[PDB]
Amino acid sequence: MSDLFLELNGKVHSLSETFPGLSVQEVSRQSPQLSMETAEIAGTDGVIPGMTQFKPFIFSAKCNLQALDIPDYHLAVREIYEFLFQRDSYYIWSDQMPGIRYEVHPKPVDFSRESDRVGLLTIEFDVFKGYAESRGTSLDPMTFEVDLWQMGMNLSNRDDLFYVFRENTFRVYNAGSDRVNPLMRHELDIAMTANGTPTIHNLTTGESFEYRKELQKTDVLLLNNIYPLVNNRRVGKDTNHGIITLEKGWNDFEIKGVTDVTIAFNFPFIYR
Amino acid sequence: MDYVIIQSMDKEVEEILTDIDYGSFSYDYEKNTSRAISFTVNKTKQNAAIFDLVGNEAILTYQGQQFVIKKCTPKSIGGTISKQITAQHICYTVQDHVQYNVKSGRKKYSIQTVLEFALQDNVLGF
């Protein structure tokens with residue numbers, strides 16, 4: 001059995017459950033739209049590729065609606081149109097792969113009336129970020145009872161994966177298919193509490209974030225995307241304005257200038 | 001002749017400028033204002049021998065009239081080399097002769113006297 005789940009206004013709605021007469025036949029996903037920024041020099045052969053990018057793509061769901069009678073059919077069509085089309089983008093996922101969700105916007109799709117009570121539909125959701133992300137962030141535990149993780153999410157079956165560290169040198173595993181960069185509108189949060197003047201170094205990437213003031217254990221330093229704060233107060237003037245990024249796989253992190261470090265990473269995995 | 005004759009700056013070699021983009025060719029005249037010809041030449045096998053000669057200060061003969069090139073714009077886009085040629089009638093080159101002497105005071109002149117004064121002892125054959 002196939003079904004489609006929609007996250008809207010903080011509520012999860014099953015498409016089949018919401019509309020009893022509507023059942024999802026099949027789901028499908030367009031392949032990533034790779035595009036190399038070609039540059040052509042006249043007289044030479046081929047192109048000089050720039051930086052490969054990914055265009056928005058389409059997630060499709062073929063379904064059918066079976067109503068009791070004609071007024072019921074029209075009412076169901078209107079209610080489905082009301083439910084699907086909202087002002088802002090929402091989230092969708094499928095039973096087949098319940099660990100991966102897409103932030104999407106609906107597309108105009110017309111009901112194909114086959115009989116007096118049945119109508120075929122092929123809903124298409126445009127995903128504009130160009131990638132899919134996990135339903136849960138890195139802060140969620142990798143436990144069975146959380147009911148969030150599934151197979152095929154590049155989870156390493158060779159070592160434990162935790163995202164809270166108590167020492168000055170450790171490794172963090174980004175399981176996504178893209179390098180997590182807040183400059184690319186990626187979600188990434190770091191919460192560190194320690195004593196002294198801190199400096200975070202990502203050795204594999206080679207990046208370094210530097211804060212130039214003394215810190216106490218009671219003050220939390222929070223880097224969200226491209227904003228560093230202490231106690232939710234912007235302190236960008238007192239930093240080196242550097243930002244760390246998470247490469248694919250393992251990243252070696254070293255923290256200098258502080259003691260009793262407690263650093264936590266909170267970011268979703270980027271799939272495609 | 002309706003084609004263009006190209007004579008080098010040093011007048012050593014005079015040939016026919018072929019493969020001119022006649023669609024871009026234009027001849028502009030305005031009384032007491034301007035007299036010029038503008039066009040674009042692409043370097044091809046036919047004119048490869050003399051393509052280096054066409055440039056600034058070269059002379060173009062068109063319909064029996066001489067035009068001095070005053071603006072040349074070589075351009076290279078891959079394998080095509082194009083020059084945008086603008087040439088003014090040789091008469092305006094008379095601006096290269098300056099009469100330094102001054103006939104001070106207010107005086108009634110005719111056209112003949114002023115013209116004789118302007119083109120006195122010319123070295124450009126005007």
# chains A, B, ... in the order shown; residues from 1 in each chain; ligands from 1
$ interface_residues --of "chain A" --to "chain B" --cutoff "9 Å" --atoms "only C-alpha atoms" --output "PyMOL selection string"
chain A and resi 41-44
$ write_last_selection --atoms "N, CA and C atoms" --output "PDB file, in the first residue's frame"
ATOM      1  N   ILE A  41      34.838  29.097 -25.270  1.00  0.00           N
ATOM      2  CA  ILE A  41      35.838  29.921 -25.937  1.00  0.00           C
ATOM      3  C   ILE A  41      35.801  29.567 -27.416  1.00  0.00           C
ATOM      4  N   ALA A  42      35.504  30.558 -28.253  1.00  0.00           N
ATOM      5  CA  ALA A  42      35.350  30.310 -29.679  1.00  0.00           C
ATOM      6  C   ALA A  42      36.649  29.793 -30.281  1.00  0.00           C
ATOM      7  N   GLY A  43      36.527  28.791 -31.149  1.00  0.00           N
ATOM      8  CA  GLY A  43      37.665  28.168 -31.781  1.00  0.00           C
ATOM      9  C   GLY A  43      38.175  26.922 -31.091  1.00  0.00           C
ATOM     10  N   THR A  44      37.828  26.718 -29.826  1.00  0.00           N
ATOM     11  CA  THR A  44      38.240  25.540 -29.080  1.00  0.00           C
ATOM     12  C   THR A  44      37.114  24.514 -29.041  1.00  0.00           C
TER      13      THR A  44
END
$ select_by_dssp --residues "segment 24-124 of chain B" --states "strand (DSSP E)" --output "PDB file with N, CA and C atoms, in the first residue's frame"
ATOM      1  N   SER B  26      28.495  51.733 -45.897  1.00  0.00           N
ATOM      2  CA  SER B  26      27.643  52.912 -45.883  1.00  0.00           C
ATOM      3  C   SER B  26      28.474  54.136 -46.234  1.00  0.00           C
ATOM      4  N   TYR B  27      27.875  55.044 -47.001  1.00  0.00           N
ATOM      5  CA  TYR B  27      28.500  56.301 -47.391  1.00  0.00           C
ATOM      6  C   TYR B  27      27.605  57.440 -46.926  1.00  0.00           C
ATOM      7  N   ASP B  28      28.135  58.292 -46.055  1.00  0.00           N
ATOM      8  CA  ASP B  28      27.371  59.370 -45.445  1.00  0.00           C
ATOM      9  C   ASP B  28      27.898  60.712 -45.931  1.00  0.00           C
ATOM     10  N   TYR B  29      26.990  61.561 -46.405  1.00  0.00           N
ATOM     11  CA  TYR B  29      27.316  62.909 -46.838  1.00  0.00           C
ATOM     12  C   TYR B  29      26.304  63.886 -46.266  1.00  0.00           C
ATOM     13  N   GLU B  30      26.793  65.046 -45.843  1.00  0.00           N
ATOM     14  CA  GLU B  30      25.937  66.145 -45.420  1.00  0.00           C
ATOM     15  C   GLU B  30      26.656  67.442 -45.745  1.00  0.00           C
ATOM     16  N   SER B  34      29.751  66.675 -43.363  1.00  0.00           N
ATOM     17  CA  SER B  34      30.501  65.428 -43.288  1.00  0.00           C
ATOM     18  C   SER B  34      30.532  64.742 -44.644  1.00  0.00           C
ATOM     19  N   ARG B  35      31.560  63.914 -44.827  1.00  0.00           N
ATOM     20  CA  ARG B  35      31.700  63.083 -46.021  1.00  0.00           C
ATOM     21  C   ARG B  35      32.584  61.905 -45.634  1.00  0.00           C
ATOM     22  N   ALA B  36      31.993  60.719 -45.516  1.00  0.00           N
ATOM     23  CA  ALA B  36      32.732  59.591 -44.967  1.00  0.00           C
ATOM     24  C   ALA B  36      32.148  58.284 -45.478  1.00  0.00           C
ATOM     25  N   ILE B  37      32.934  57.220 -45.328  1.00  0.00           N
ATOM     26  CA  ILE B  37      32.512  55.861 -45.643  1.00  0.00           C
ATOM     27  C   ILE B  37      32.901  54.948 -44.490  1.00  0.00           C
ATOM     28  N   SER B  38      31.986  54.060 -44.109  1.00  0.00           N
ATOM     29  CA  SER B  38      32.218  53.127 -43.017  1.00  0.00           C
ATOM     30  C   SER B  38      31.787  51.731 -43.435  1.00  0.00           C
ATOM     31  N   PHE B  39      32.566  50.733 -43.033  1.00  0.00           N
ATOM     32  CA  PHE B  39      32.263  49.346 -43.376  1.00  0.00           C
ATOM     33  C   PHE B  39      33.041  48.423 -42.444  1.00  0.00           C
ATOM     34  N   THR B  40      32.950  47.120 -42.705  1.00  0.00           N
ATOM     35  CA  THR B  40      33.608  46.102 -41.896  1.00  0.00           C
ATOM     36  C   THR B  40      34.239  45.075 -42.822  1.00  0.00           C
ATOM     37  N   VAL B  41      35.476  44.685 -42.524  1.00  0.00           N
ATOM     38  CA  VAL B  41      36.232  43.748 -43.346  1.00  0.00           C
ATOM     39  C   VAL B  41      36.578  42.530 -42.504  1.00  0.00           C
ATOM     40  N   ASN B  42      36.302  41.347 -43.041  1.00  0.00           N
ATOM     41  CA  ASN B  42      36.666  40.091 -42.404  1.00  0.00           C
ATOM     42  C   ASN B  42      37.879  39.495 -43.105  1.00  0.00           C
ATOM     43  N   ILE B  59      44.739  54.806 -47.298  1.00  0.00           N
ATOM     44  CA  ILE B  59      43.901  55.537 -48.243  1.00  0.00           C
ATOM     45  C   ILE B  59      43.002  54.543 -48.964  1.00  0.00           C
ATOM     46  N   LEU B  60      41.707  54.841 -49.009  1.00  0.00           N
ATOM     47  CA  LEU B  60      40.739  54.033 -49.732  1.00  0.00           C
ATOM     48  C   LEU B  60      40.175  54.838 -50.893  1.00  0.00           C
ATOM     49  N   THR B  61      40.281  54.284 -52.092  1.00  0.00           N
ATOM     50  CA  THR B  61      39.686  54.862 -53.286  1.00  0.00           C
ATOM     51  C   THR B  61      38.350  54.177 -53.533  1.00  0.00           C
ATOM     52  N   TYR B  62      37.286  54.972 -53.561  1.00  0.00           N
ATOM     53  CA  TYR B  62      35.929  54.491 -53.780  1.00  0.00           C
ATOM     54  C   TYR B  62      35.244  55.438 -54.751  1.00  0.00           C
ATOM     55  N   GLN B  65      37.050  58.601 -55.447  1.00  0.00           N
ATOM     56  CA  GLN B  65      37.296  59.536 -54.360  1.00  0.00           C
ATOM     57  C   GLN B  65      38.194  58.894 -53.313  1.00  0.00           C
ATOM     58  N   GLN B  66      39.041  59.713 -52.695  1.00  0.00           N
ATOM     59  CA  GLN B  66      40.016  59.244 -51.720  1.00  0.00           C
ATOM     60  C   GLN B  66      39.529  59.545 -50.310  1.00  0.00           C
ATOM     61  N   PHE B  67      39.565  58.530 -49.450  1.00  0.00           N
ATOM     62  CA  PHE B  67      39.176  58.659 -48.053  1.00  0.00           C
ATOM     63  C   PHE B  67      40.316  58.159 -47.179  1.00  0.00           C
ATOM     64  N   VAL B  68      40.681  58.946 -46.180  1.00  0.00           N
ATOM     65  CA  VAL B  68      41.708  58.562 -45.221  1.00  0.00           C
ATOM     66  C   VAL B  68      41.039  57.877 -44.039  1.00  0.00           C
ATOM     67  N   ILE B  69      41.562  56.709 -43.663  1.00  0.00           N
ATOM     68  CA  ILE B  69      41.016  55.962 -42.539  1.00  0.00           C
ATOM     69  C   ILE B  69      41.392  56.661 -41.242  1.00  0.00           C
ATOM     70  N   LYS B  70      40.390  56.963 -40.417  1.00  0.00           N
ATOM     71  CA  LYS B  70      40.627  57.662 -39.164  1.00  0.00           C
ATOM     72  C   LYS B  70      40.242  56.848 -37.938  1.00  0.00           C
ATOM     73  N   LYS B  71      39.697  55.646 -38.115  1.00  0.00           N
ATOM     74  CA  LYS B  71      39.309  54.816 -36.978  1.00  0.00           C
ATOM     75  C   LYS B  71      39.278  53.367 -37.442  1.00  0.00           C
ATOM     76  N   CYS B  72      40.170  52.548 -36.895  1.00  0.00           N
ATOM     77  CA  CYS B  72      40.223  51.124 -37.188  1.00  0.00           C
ATOM     78  C   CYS B  72      40.091  50.341 -35.891  1.00  0.00           C
ATOM     79  N   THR B  73      39.239  49.319 -35.906  1.00  0.00           N
ATOM     80  CA  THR B  73      38.934  48.522 -34.719  1.00  0.00           C
ATOM     81  C   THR B  73      39.107  47.045 -35.047  1.00  0.00           C
ATOM     82  N   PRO B  74      40.337  46.537 -35.002  1.00  0.00           N
ATOM     83  CA  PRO B  74      40.531  45.090 -35.122  1.00  0.00           C
ATOM     84  C   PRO B  74      39.834  44.357 -33.987  1.00  0.00           C
ATOM     85  N   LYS B  75      39.242  43.213 -34.313  1.00  0.00           N
ATOM     86  CA  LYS B  75      38.534  42.415 -33.326  1.00  0.00           C
ATOM     87  C   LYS B  75      38.714  40.945 -33.662  1.00  0.00           C
ATOM     88  N   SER B  76      38.989  40.139 -32.640  1.00  0.00           N
ATOM     89  CA  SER B  76      39.222  38.710 -32.803  1.00  0.00           C
ATOM     90  C   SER B  76      38.220  37.946 -31.956  1.00  0.00           C
ATOM     91  N   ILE B  77      37.387  37.138 -32.609  1.00  0.00           N
ATOM     92  CA  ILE B  77      36.416  36.278 -31.933  1.00  0.00           C
ATOM     93  C   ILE B  77      36.642  34.871 -32.479  1.00  0.00           C
ATOM     94  N   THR B  80      37.595  34.309 -36.529  1.00  0.00           N
ATOM     95  CA  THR B  80      37.248  35.414 -37.411  1.00  0.00           C
ATOM     96  C   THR B  80      37.883  36.693 -36.886  1.00  0.00           C
ATOM     97  N   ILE B  81      38.663  37.355 -37.735  1.00  0.00           N
ATOM     98  CA  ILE B  81      39.272  38.641 -37.420  1.00  0.00           C
ATOM     99  C   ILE B  81      38.577  39.693 -38.269  1.00  0.00           C
ATOM    100  N   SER B  82      37.998  40.694 -37.615  1.00  0.00           N
ATOM    101  CA  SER B  82      37.226  41.719 -38.297  1.00  0.00           C
ATOM    102  C   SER B  82      37.749  43.096 -37.924  1.00  0.00           C
ATOM    103  N   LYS B  83      37.798  43.981 -38.913  1.00  0.00           N
ATOM    104  CA  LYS B  83      38.195  45.368 -38.722  1.00  0.00           C
ATOM    105  C   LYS B  83      37.038  46.270 -39.121  1.00  0.00           C
ATOM    106  N   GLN B  84      36.670  47.184 -38.229  1.00  0.00           N
ATOM    107  CA  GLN B  84      35.625  48.166 -38.491  1.00  0.00           C
ATOM    108  C   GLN B  84      36.301  49.451 -38.955  1.00  0.00           C
ATOM    109  N   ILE B  85      36.131  49.782 -40.231  1.00  0.00           N
ATOM    110  CA  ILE B  85      36.859  50.868 -40.874  1.00  0.00           C
ATOM    111  C   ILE B  85      35.926  52.057 -41.043  1.00  0.00           C
ATOM    112  N   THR B  86      36.382  53.223 -40.591  1.00  0.00           N
ATOM    113  CA  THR B  86      35.724  54.497 -40.846  1.00  0.00           C
ATOM    114  C   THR B  86      36.741  55.440 -41.467  1.00  0.00           C
ATOM    115  N   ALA B  87      36.393  56.022 -42.611  1.00  0.00           N
ATOM    116  CA  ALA B  87      37.305  56.881 -43.349  1.00  0.00           C
ATOM    117  C   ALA B  87      36.595  58.164 -43.747  1.00  0.00           C
ATOM    118  N   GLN B  88      37.284  59.284 -43.570  1.00  0.00           N
ATOM    119  CA  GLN B  88      36.756  60.592 -43.923  1.00  0.00           C
ATOM    120  C   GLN B  88      37.382  61.070 -45.224  1.00  0.00           C
ATOM    121  N   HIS B  89      36.655  61.916 -45.951  1.00  0.00           N
ATOM    122  CA  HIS B  89      37.172  62.426 -47.212  1.00  0.00           C
ATOM    123  C   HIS B  89      38.480  63.171 -46.980  1.00  0.00           C
TER     124      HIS B  89
END
$ closest_residue --among "B:23, B:45, B:12, B:125" --to "residue 91 of chain B" --atoms "only C-alpha atoms"
B:125
$ residues_around --residues "segment 185-193 of chain A" --least-positions-apart "2" --cutoff "7 Å" --atoms "only C-alpha atoms" --output "compact mmCIF listing (two decimals) with N, CA and C atoms, in the first residue's frame"
# COMPACT_ATOMS: atom_id res chain seq x y z
N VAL A 180 27.72 20.61 3.83
CA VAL A 180 26.80 21.51 4.53
C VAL A 180 27.47 22.88 4.64
N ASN A 181 26.91 23.86 3.95
CA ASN A 181 27.45 25.22 3.93
C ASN A 181 26.32 26.20 4.21
N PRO A 182 26.36 26.92 5.34
CA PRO A 182 25.29 27.90 5.61
C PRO A 182 25.21 29.00 4.57
N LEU A 183 26.31 29.29 3.86
CA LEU A 183 26.26 30.27 2.79
C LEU A 183 25.36 29.83 1.64
N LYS A 217 31.23 29.24 31.49
CA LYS A 217 30.44 28.04 31.30
C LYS A 217 28.94 28.32 31.26
N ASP A 219 27.47 30.87 29.83
CA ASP A 219 27.10 31.53 28.58
C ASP A 219 27.21 30.54 27.43
N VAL A 220 26.16 30.47 26.61
CA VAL A 220 26.11 29.56 25.48
C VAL A 220 26.41 30.35 24.21
N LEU A 221 27.34 29.85 23.40
CA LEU A 221 27.64 30.44 22.10
C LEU A 221 26.90 29.63 21.04
N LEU A 222 26.03 30.31 20.29
CA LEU A 222 25.16 29.67 19.31
C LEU A 222 25.46 30.26 17.94
N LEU A 223 25.93 29.42 17.03
CA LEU A 223 26.13 29.79 15.64
C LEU A 223 25.00 29.17 14.83
N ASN A 224 24.08 30.00 14.36
CA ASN A 224 22.99 29.54 13.50
C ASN A 224 23.18 30.13 12.11
N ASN A 225 23.35 29.26 11.12
CA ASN A 225 23.66 29.66 9.75
C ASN A 225 24.88 30.56 9.72
N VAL A 261 34.90 21.77 27.41
CA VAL A 261 34.11 22.12 26.24
C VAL A 261 32.89 21.21 26.14
N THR A 262 31.74 21.80 25.83
CA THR A 262 30.53 21.05 25.53
C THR A 262 29.94 21.63 24.25
N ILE A 263 30.11 20.92 23.14
CA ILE A 263 29.73 21.42 21.82
C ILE A 263 28.76 20.43 21.19
N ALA A 264 27.66 20.95 20.64
CA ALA A 264 26.63 20.14 20.01
C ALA A 264 26.32 20.68 18.63
N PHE A 265 26.17 19.77 17.67
CA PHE A 265 25.85 20.08 16.29
C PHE A 265 24.40 19.70 16.00
N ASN A 266 23.67 20.59 15.34
CA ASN A 266 22.26 20.37 15.03
C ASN A 266 22.04 20.79 13.58
N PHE A 267 21.98 19.81 12.68
CA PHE A 267 21.81 20.09 11.26
C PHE A 267 21.12 18.90 10.61
N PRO A 268 20.35 19.13 9.55
CA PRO A 268 19.76 18.02 8.80
C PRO A 268 20.70 17.53 7.70
$ closest_residue --among "A:99, A:160, A:107, A:130" --to "residue 53 of chain A" --atoms "only C-alpha atoms"
A:130
$ residues_around --residues "residue 256 of chain A" --least-positions-apart "2" --cutoff "9 Å" --atoms "only C-alpha atoms" --output "JSON, numbers by chain"
{"A": [168, 169, 197, 198, 199, 200, 201, 254, 258, 259]}
$ select_by_dssp --residues "segment 69-249 of chain A" --states "alpha helix (DSSP H)" --output "ChimeraX atom specification"
/A:70-84
$ write_last_selection --atoms "N, CA, C and O atoms" --output "mmCIF file, in the first residue's frame"
data_model
loop_
_atom_site.group_PDB
_atom_site.id
_atom_site.type_symbol
_atom_site.label_atom_id
_atom_site.label_comp_id
_atom_site.auth_asym_id
_atom_site.auth_seq_id
_atom_site.Cartn_x
_atom_site.Cartn_y
_atom_site.Cartn_z
ATOM 1 N N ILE A 70 -22.269 12.078 -7.714
ATOM 2 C CA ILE A 70 -21.764 13.263 -8.413
ATOM 3 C C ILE A 70 -21.588 14.458 -7.483
ATOM 4 O O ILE A 70 -20.519 15.094 -7.528
ATOM 5 N N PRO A 71 -22.568 14.840 -6.650
ATOM 6 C CA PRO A 71 -22.305 15.938 -5.705
ATOM 7 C C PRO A 71 -21.142 15.645 -4.780
ATOM 8 O O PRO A 71 -20.342 16.542 -4.481
ATOM 9 N N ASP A 72 -21.019 14.394 -4.332
ATOM 10 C CA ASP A 72 -19.872 14.011 -3.519
ATOM 11 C C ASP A 72 -18.578 14.151 -4.307
ATOM 12 O O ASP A 72 -17.556 14.573 -3.759
ATOM 13 N N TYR A 73 -18.602 13.801 -5.594
ATOM 14 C CA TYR A 73 -17.410 13.943 -6.423
ATOM 15 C C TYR A 73 -16.980 15.399 -6.523
ATOM 16 O O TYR A 73 -15.798 15.724 -6.358
ATOM 17 N N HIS A 74 -17.931 16.294 -6.791
ATOM 18 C CA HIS A 74 -17.591 17.709 -6.905
ATOM 19 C C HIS A 74 -17.090 18.267 -5.577
ATOM 20 O O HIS A 74 -16.108 19.021 -5.540
ATOM 21 N N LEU A 75 -17.749 17.899 -4.475
ATOM 22 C CA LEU A 75 -17.311 18.372 -3.166
ATOM 23 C C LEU A 75 -15.913 17.867 -2.837
ATOM 24 O O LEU A 75 -15.085 18.614 -2.305
ATOM 25 N N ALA A 76 -15.631 16.600 -3.149
ATOM 26 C CA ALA A 76 -14.307 16.048 -2.891
ATOM 27 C C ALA A 76 -13.248 16.738 -3.738
ATOM 28 O O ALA A 76 -12.142 17.004 -3.260
ATOM 29 N N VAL A 77 -13.567 17.032 -5.000
ATOM 30 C CA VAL A 77 -12.616 17.735 -5.858
ATOM 31 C C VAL A 77 -12.302 19.109 -5.280
ATOM 32 O O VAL A 77 -11.135 19.514 -5.185
ATOM 33 N N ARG A 78 -13.341 19.840 -4.872
ATOM 34 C CA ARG A 78 -13.122 21.168 -4.308
ATOM 35 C C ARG A 78 -12.312 21.097 -3.019
ATOM 36 O O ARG A 78 -11.415 21.917 -2.794
ATOM 37 N N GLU A 79 -12.616 20.125 -2.158
ATOM 38 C CA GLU A 79 -11.897 20.008 -0.895
ATOM 39 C C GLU A 79 -10.441 19.625 -1.119
ATOM 40 O O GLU A 79 -9.550 20.117 -0.420
ATOM 41 N N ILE A 80 -10.177 18.749 -2.092
ATOM 42 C CA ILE A 80 -8.801 18.391 -2.420
ATOM 43 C C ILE A 80 -8.046 19.607 -2.935
ATOM 44 O O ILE A 80 -6.889 19.842 -2.564
ATOM 45 N N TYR A 81 -8.685 20.400 -3.798
ATOM 46 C CA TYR A 81 -8.033 21.606 -4.301
ATOM 47 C C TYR A 81 -7.747 22.588 -3.172
ATOM 48 O O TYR A 81 -6.692 23.232 -3.151
ATOM 49 N N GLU A 82 -8.678 22.721 -2.226
ATOM 50 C CA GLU A 82 -8.444 23.582 -1.071
ATOM 51 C C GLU A 82 -7.279 23.075 -0.230
ATOM 52 O O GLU A 82 -6.443 23.862 0.229
ATOM 53 N N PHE A 83 -7.213 21.761 -0.014
ATOM 54 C CA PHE A 83 -6.200 21.194 0.870
ATOM 55 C C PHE A 83 -4.809 21.270 0.257
ATOM 56 O O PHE A 83 -3.840 21.608 0.946
ATOM 57 N N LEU A 84 -4.687 20.962 -1.035
ATOM 58 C CA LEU A 84 -3.366 20.854 -1.647
ATOM 59 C C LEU A 84 -2.711 22.219 -1.824
ATOM 60 O O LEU A 84 -1.521 22.382 -1.533
#
$ atom_distance --atom1 "atom CA of residue 38 of chain A" --atom2 "atom CA of residue 178 of chain A"
21.1 Å
